[PDB]
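Peer 1: Got a structure here, written out as structure tokens. Questions coming.
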Amino acid sequence: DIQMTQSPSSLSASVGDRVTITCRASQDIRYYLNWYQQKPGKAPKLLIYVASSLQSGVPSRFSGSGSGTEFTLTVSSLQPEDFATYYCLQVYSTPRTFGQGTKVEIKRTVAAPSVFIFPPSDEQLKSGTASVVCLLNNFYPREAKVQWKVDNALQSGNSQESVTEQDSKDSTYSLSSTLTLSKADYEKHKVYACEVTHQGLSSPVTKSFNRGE
Amino acid sequence: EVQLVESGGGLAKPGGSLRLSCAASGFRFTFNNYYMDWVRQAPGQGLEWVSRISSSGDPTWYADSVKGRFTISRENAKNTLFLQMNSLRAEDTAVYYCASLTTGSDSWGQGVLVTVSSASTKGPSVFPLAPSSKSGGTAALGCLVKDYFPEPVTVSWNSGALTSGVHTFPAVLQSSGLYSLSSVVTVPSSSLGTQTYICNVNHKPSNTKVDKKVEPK
């Protein structure tokens, strides 16, 4: 087993910036090492093989370097579409060993989210479950605290989130928070709110609705 | 470009078996000249090599992870690669890539999801997220695609006509053991007139399709 040490595990850099990722192997693998880009939801796609050869069609932004036990992948000028996890792979012997990946995020100026709120639908209630959706839209950075409050008591353990990928043209995220109850308990309270804290907001923005109005 | 299209596999109870297939096309020389591989990726994690096969069919390499239970094969007459997966186990839950790793002919299939679980298939309920104070100069509306198993579902809006402003969220696993996601689109406020917004949910594992018109509040 040829062990592979990829570094950094994760990084944030700006559009236009030089990024440089490093792989290290525990044996001399000569020049048999490849680098892959993996976009969100997609299969890995070859960027560089035998250490320094560019796959036909890959931007020239990407270069490959080194040999023996030390290899470096460089992105000359990072572009918004370069959000990916990058992975080296040793191609010298089996078993095949990959590095553990480098997550790369593009960094851009702060953009406060827009908070939308969506009450449960009649059809869903007709069925005895109530689900409230909170939607923060186009923000950066990724970090956001989103809290649910029903009748102003804070909720804990009855909701969950999902974040999308960094958008590949304007480098922002959107997030959904979904609090979920039974008709039973939904009917006991009037006001539902989500409360959002984010660096682009000088103050927590709460968006709410009173039940059925 | 080598092109690799996977088939199989789906949902399977622990102890059971599935088979993956993969069709290959596009190699400069003929299929039988190329060693071939499966790689996998579990939810949350990175890539893990699974198995390799030589040109003829012999020899074969396996990861300790799967030795004993999985078997790789090949039918050169048909440009097809297989992975018989026996004795399935929770840990085996991953997306499986057919991969061509021969230098100068690198290609990965799109992947096919395998879920090892005792939960059974279940079609989603699709409730609308109604445009409302989902609003300024802009309106947001969506679909709550809720309680289904296994992954995936696909969501389209007005049958692919409307891709502008659409964000389909990654699925989350609920404490019930079932999944849920939302899909949403921001559209011009004033257009909610007037303009119909139907989302299309599709769950191949339940052989389900729902289409649903979202509408104002």
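Residues are named by chain letter and number: chains run A, B, ... in the order of the structure tokens, numbers start at 1 in each chain, and ligands are numbered from 1 in the order shown.
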For residue 62 of chain B, work out the shell of residues within 8 Å, counting only C-alpha atoms and skipping chain neighbours fewer than 4 positions away, then give it as a PyMOL selection string.

Peer 2: (chain A and resi 95) or (chain B and resi 50-52+66-67)

Peer 1: Should the cut-off be 7 Å, what would the residue list for chain B against chain A look like, counting only C-alpha atoms, as a PyMOL selection string?

Peer 2: chain B and resi 46-47+49+63+106+108-111+127-130+133-135+169-170+172

Peer 1: Next, write the just-selected residues to a file, as an mmCIF file, in the first residue's frame, keeping C-alpha atoms as the atom set.

Peer 2:
data_model
loop_
_atom_site.group_PDB
_atom_site.id
_atom_site.type_symbol
_atom_site.label_atom_id
_atom_site.label_comp_id
_atom_site.auth_asym_id
_atom_site.auth_seq_id
_atom_site.Cartn_x
_atom_site.Cartn_y
_atom_site.Cartn_z
ATOM 1 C CA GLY B 46 -13.761 10.273 -0.758
ATOM 2 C CA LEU B 47 -12.746 7.753 -3.325
ATOM 3 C CA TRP B 49 -10.658 1.775 -5.166
ATOM 4 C CA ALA B 63 -9.411 -4.233 -2.080
ATOM 5 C CA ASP B 106 -8.798 7.899 -18.620
ATOM 6 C CA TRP B 108 -15.036 7.523 -15.359
ATOM 7 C CA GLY B 109 -18.699 6.648 -15.647
ATOM 8 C CA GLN B 110 -21.246 8.902 -14.057
ATOM 9 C CA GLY B 111 -21.743 6.481 -11.238
ATOM 10 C CA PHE B 127 -46.218 19.153 -1.105
ATOM 11 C CA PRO B 128 -45.825 22.648 -2.622
ATOM 12 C CA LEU B 129 -43.952 25.479 -1.013
ATOM 13 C CA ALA B 130 -46.423 28.267 -1.825
ATOM 14 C CA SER B 133 -44.241 36.105 1.800
ATOM 15 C CA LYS B 134 -41.693 34.027 -0.043
ATOM 16 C CA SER B 135 -40.848 37.454 -1.519
ATOM 17 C CA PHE B 169 -31.169 20.928 -2.289
ATOM 18 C CA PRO B 170 -29.101 17.821 -1.468
ATOM 19 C CA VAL B 172 -31.209 14.812 4.056
#

Peer 1: Using DSSP on the backbone, list every residue of segment 26-129 of chain A that comes out as alpha helix (DSSP H), and give them as a ChimeraX atom specification.

Peer 2: /A:122-125

Peer 1: Write out as a list in words which residues come within 8 Å of residue 17 of chain B when counting only C-alpha atoms, dropping same-chain ones fewer than 3 positions away.

Peer 2: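 These residues fall inside the cut-off: residues 12, 84, 85, 86, 87 and 88 of chain B.
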
Peer 1: If we count only C-alpha atoms, what is near residue 161 of chain B at a cut-off of 12 Å, once residues fewer than 3 positions away on the same chain are taken out, given as a PDB file with N, CA and C atoms, in the first residue's frame?

Peer 2:
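Heads up, here's the output in result22.pdb:
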ATOM      1  N   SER B 156     -37.644  18.454 -11.855  1.00  0.00           N
ATOM      2  CA  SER B 156     -37.504  19.333 -12.999  1.00  0.00           C
ATOM      3  C   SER B 156     -38.651  20.323 -12.790  1.00  0.00           C
ATOM      4  N   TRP B 157     -38.657  21.468 -13.491  1.00  0.00           N
ATOM      5  CA  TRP B 157     -39.706  22.498 -13.352  1.00  0.00           C
ATOM      6  C   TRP B 157     -40.249  22.877 -14.701  1.00  0.00           C
ATOM      7  N   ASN B 158     -41.538  22.572 -14.880  1.00  0.00           N
ATOM      8  CA  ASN B 158     -42.231  22.709 -16.154  1.00  0.00           C
ATOM      9  C   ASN B 158     -41.519  21.920 -17.235  1.00  0.00           C
ATOM     10  N   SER B 164     -33.477  28.528 -15.124  1.00  0.00           N
ATOM     11  CA  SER B 164     -33.131  29.771 -14.427  1.00  0.00           C
ATOM     12  C   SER B 164     -33.690  29.945 -13.012  1.00  0.00           C
ATOM     13  N   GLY B 165     -32.749  29.939 -12.064  1.00  0.00           N
ATOM     14  CA  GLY B 165     -32.984  30.355 -10.678  1.00  0.00           C
ATOM     15  C   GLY B 165     -33.329  29.213  -9.763  1.00  0.00           C
ATOM     16  N   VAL B 166     -33.173  27.992 -10.298  1.00  0.00           N
ATOM     17  CA  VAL B 166     -33.490  26.738  -9.621  1.00  0.00           C
ATOM     18  C   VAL B 166     -32.325  26.229  -8.811  1.00  0.00           C
ATOM     19  N   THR B 196     -47.898  29.535 -14.902  1.00  0.00           N
ATOM     20  CA  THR B 196     -48.027  28.273 -14.150  1.00  0.00           C
ATOM     21  C   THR B 196     -46.688  27.669 -13.845  1.00  0.00           C
ATOM     22  N   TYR B 197     -46.536  27.202 -12.614  1.00  0.00           N
ATOM     23  CA  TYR B 197     -45.274  26.611 -12.169  1.00  0.00           C
ATOM     24  C   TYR B 197     -45.602  25.224 -11.638  1.00  0.00           C
ATOM     25  N   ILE B 198     -45.261  24.198 -12.435  1.00  0.00           N
ATOM     26  CA  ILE B 198     -45.446  22.782 -12.074  1.00  0.00           C
ATOM     27  C   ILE B 198     -44.067  22.157 -11.859  1.00  0.00           C
ATOM     28  N   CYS B 199     -43.894  21.489 -10.730  1.00  0.00           N
ATOM     29  CA  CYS B 199     -42.665  20.761 -10.567  1.00  0.00           C
ATOM     30  C   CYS B 199     -42.926  19.279 -10.781  1.00  0.00           C
ATOM     31  N   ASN B 200     -41.901  18.589 -11.223  1.00  0.00           N
ATOM     32  CA  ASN B 200     -42.011  17.212 -11.667  1.00  0.00           C
ATOM     33  C   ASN B 200     -41.105  16.364 -10.829  1.00  0.00           C
TER      34      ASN B 200
END

Peer 1: For residue 195 of chain B, please output as a list in words all residues within 12 Å (counting only C-alpha atoms; exclusion window: fewer than 5 positions along the same chain).

Peer 2: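 Counting only the stated atoms, we get residues 158, 162, 187, 188, 189, 190, 213, 214, 215 and 216 of chain B.
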
Peer 1: Generate the output file for the selected residues, N, CA and C atoms, as a PDB file, in the first residue's frame.

Peer 2:
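Written file, selection.pdb:
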ATOM      1  N   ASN B 158     -41.538  22.572 -14.880  1.00  0.00           N
ATOM      2  CA  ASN B 158     -42.231  22.709 -16.154  1.00  0.00           C
ATOM      3  C   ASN B 158     -41.519  21.920 -17.235  1.00  0.00           C
ATOM      4  N   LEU B 162     -37.806  25.571 -17.395  1.00  0.00           N
ATOM      5  CA  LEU B 162     -37.374  26.565 -16.408  1.00  0.00           C
ATOM      6  C   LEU B 162     -36.221  26.034 -15.608  1.00  0.00           C
ATOM      7  N   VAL B 187     -38.533  33.494  -9.262  1.00  0.00           N
ATOM      8  CA  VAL B 187     -39.173  33.909 -10.512  1.00  0.00           C
ATOM      9  C   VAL B 187     -39.648  35.328 -10.290  1.00  0.00           C
ATOM     10  N   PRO B 188     -39.896  36.070 -11.400  1.00  0.00           N
ATOM     11  CA  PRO B 188     -40.270  37.475 -11.325  1.00  0.00           C
ATOM     12  C   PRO B 188     -41.575  37.609 -10.617  1.00  0.00           C
ATOM     13  N   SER B 189     -41.624  38.466  -9.614  1.00  0.00           N
ATOM     14  CA  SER B 189     -42.835  38.597  -8.802  1.00  0.00           C
ATOM     15  C   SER B 189     -44.096  38.651  -9.639  1.00  0.00           C
ATOM     16  N   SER B 190     -44.286  39.770 -10.340  1.00  0.00           N
ATOM     17  CA  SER B 190     -45.464  40.036 -11.170  1.00  0.00           C
ATOM     18  C   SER B 190     -45.878  38.856 -12.073  1.00  0.00           C
ATOM     19  N   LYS B 213     -48.527  21.515  -9.588  1.00  0.00           N
ATOM     20  CA  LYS B 213     -48.646  22.963  -9.774  1.00  0.00           C
ATOM     21  C   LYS B 213     -48.546  23.569  -8.391  1.00  0.00           C
ATOM     22  N   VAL B 214     -47.558  24.437  -8.213  1.00  0.00           N
ATOM     23  CA  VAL B 214     -47.459  25.223  -7.001  1.00  0.00           C
ATOM     24  C   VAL B 214     -48.403  26.417  -7.245  1.00  0.00           C
ATOM     25  N   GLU B 215     -48.874  27.091  -6.208  1.00  0.00           N
ATOM     26  CA  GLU B 215     -49.683  28.287  -6.444  1.00  0.00           C
ATOM     27  C   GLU B 215     -49.823  29.251  -5.255  1.00  0.00           C
ATOM     28  N   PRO B 216     -49.963  30.545  -5.550  1.00  0.00           N
ATOM     29  CA  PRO B 216     -49.904  31.639  -4.561  1.00  0.00           C
ATOM     30  C   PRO B 216     -50.721  31.564  -3.227  1.00  0.00           C
TER      31      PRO B 216
END

Peer 1: Using only C-alpha atoms, pick whichever of B:33, B:25, B:118, B:154 has the shortest atom-to-atom distance to residue 80 of chain B.

Peer 2: B:25

Peer 1: Might you pull out every residue within 9 Å of residue 8 of chain A, with only C-alpha atoms counted and same-chain residues fewer than 4 positions away left off, and present them as a ChimeraX atom specification?

Peer 2: /A:20-22,101-103

Peer 1: Which one of B:100, B:121, B:132, B:207 sits closest to residue 177 of chain B if you count only C-alpha atoms?

Peer 2: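 Going through B:100, B:121, B:132, B:207 one by one, the smallest distance to residue 177 of chain B is for B:121.
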
Peer 1: Provide the atom CA of residue 145 of chain A to atom CA of residue 192 of chain A distance in Å, to one decimal place.

Peer 2: 16.7 Å

Peer 1: Skip residue 3 of chain A itself and residues of its chain fewer than 4 positions away, then list as a list in words all residues within 8 Å of it, counting only C-alpha atoms.

Peer 2: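 Everything that qualifies: residues 25, 26, 27 and 97 of chain A.
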
Peer 1: Tell me, in Å to one decimal, how far atom CA of residue 35 of chain A is from atom CA of residue 169 of chain A.

Peer 2: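 Computed distance, atom CA of residue 35 of chain A to atom CA of residue 169 of chain A, equals 23.5 Å.
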
Peer 1: Using DSSP on the backbone coordinates, identify the residues of segment 45-82 of chain B assigned to strand (DSSP E); present them as a PyMOL selection string.

Peer 2: chain B and resi 47-53+60-62+70-75+80-82

Peer 1: Please dump the current selection as a short mmCIF file (atom, residue, chain, number, x, y, z; two decimals), in the first residue's frame; keep N, CA, C and O atoms.

Peer 2:
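Full text of selection.cif as output:
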data_model
loop_
_atom_site.label_atom_id
_atom_site.label_comp_id
_atom_site.auth_asym_id
_atom_site.auth_seq_id
_atom_site.Cartn_x
_atom_site.Cartn_y
_atom_site.Cartn_z
N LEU B 47 -12.84 8.91 -2.48
CA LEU B 47 -12.75 7.75 -3.32
C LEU B 47 -12.04 6.57 -2.73
O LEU B 47 -11.10 6.70 -2.02
N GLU B 48 -12.54 5.40 -3.03
CA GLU B 48 -11.97 4.16 -2.59
C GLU B 48 -11.92 3.18 -3.72
O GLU B 48 -12.91 2.85 -4.27
N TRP B 49 -10.75 2.71 -4.07
CA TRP B 49 -10.66 1.77 -5.17
C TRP B 49 -11.20 0.42 -4.70
O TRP B 49 -11.08 0.04 -3.58
N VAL B 50 -11.89 -0.26 -5.58
CA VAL B 50 -12.67 -1.45 -5.26
C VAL B 50 -12.00 -2.67 -5.92
O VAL B 50 -11.66 -3.65 -5.23
N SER B 51 -11.78 -2.62 -7.24
CA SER B 51 -11.26 -3.75 -7.92
C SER B 51 -10.68 -3.43 -9.27
O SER B 51 -11.07 -2.48 -9.86
N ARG B 52 -9.81 -4.28 -9.79
CA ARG B 52 -9.27 -4.13 -11.14
C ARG B 52 -9.25 -5.41 -11.92
O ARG B 52 -9.12 -6.46 -11.31
N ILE B 53 -9.31 -5.35 -13.23
CA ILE B 53 -9.26 -6.53 -14.03
C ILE B 53 -8.34 -6.33 -15.20
O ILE B 53 -8.19 -5.27 -15.69
N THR B 60 -7.09 -10.66 -11.58
CA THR B 60 -7.92 -9.66 -10.98
C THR B 60 -7.39 -9.17 -9.66
O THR B 60 -6.80 -9.89 -8.96
N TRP B 61 -7.59 -7.90 -9.34
CA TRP B 61 -7.17 -7.34 -8.01
C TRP B 61 -8.37 -6.83 -7.20
O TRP B 61 -9.31 -6.28 -7.79
N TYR B 62 -8.32 -6.95 -5.89
CA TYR B 62 -9.40 -6.51 -5.05
C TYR B 62 -8.90 -5.76 -3.86
O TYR B 62 -7.80 -5.93 -3.46
N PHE B 70 -17.08 -9.79 -3.51
CA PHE B 70 -17.28 -9.15 -4.78
C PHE B 70 -16.44 -9.84 -5.82
O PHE B 70 -15.38 -10.28 -5.52
N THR B 71 -16.91 -9.87 -7.05
CA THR B 71 -16.17 -10.43 -8.16
C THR B 71 -16.25 -9.60 -9.43
O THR B 71 -17.30 -9.26 -9.90
N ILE B 72 -15.11 -9.32 -10.01
CA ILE B 72 -15.03 -8.57 -11.22
C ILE B 72 -14.90 -9.48 -12.42
O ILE B 72 -14.28 -10.50 -12.35
N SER B 73 -15.55 -9.10 -13.50
CA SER B 73 -15.54 -9.83 -14.76
C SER B 73 -15.68 -8.91 -15.95
O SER B 73 -15.71 -7.74 -15.82
N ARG B 74 -15.78 -9.49 -17.12
CA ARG B 74 -15.52 -8.79 -18.33
C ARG B 74 -16.12 -9.61 -19.43
O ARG B 74 -16.03 -10.79 -19.38
N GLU B 75 -16.73 -8.99 -20.42
CA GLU B 75 -17.03 -9.70 -21.63
C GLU B 75 -16.56 -8.90 -22.80
O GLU B 75 -17.24 -8.01 -23.26
N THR B 80 -18.21 -5.04 -22.22
CA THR B 80 -18.89 -4.85 -20.97
C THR B 80 -18.09 -5.29 -19.80
O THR B 80 -17.35 -6.26 -19.91
N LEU B 81 -18.25 -4.59 -18.69
CA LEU B 81 -17.48 -4.85 -17.49
C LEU B 81 -18.51 -5.11 -16.39
O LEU B 81 -19.54 -4.43 -16.36
N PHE B 82 -18.26 -6.05 -15.50
CA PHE B 82 -19.27 -6.39 -14.40
C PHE B 82 -18.63 -6.39 -13.05
O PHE B 82 -17.44 -6.56 -12.95
#

Peer 1: Could you work out how far atom CA of residue 151 of chain A lies from atom CA of residue 194 of chain A, giving the answer in Å with one decimal?

Peer 2: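 Between atom CA of residue 194 of chain A and atom CA of residue 151 of chain A the gap works out to 11.1 Å.
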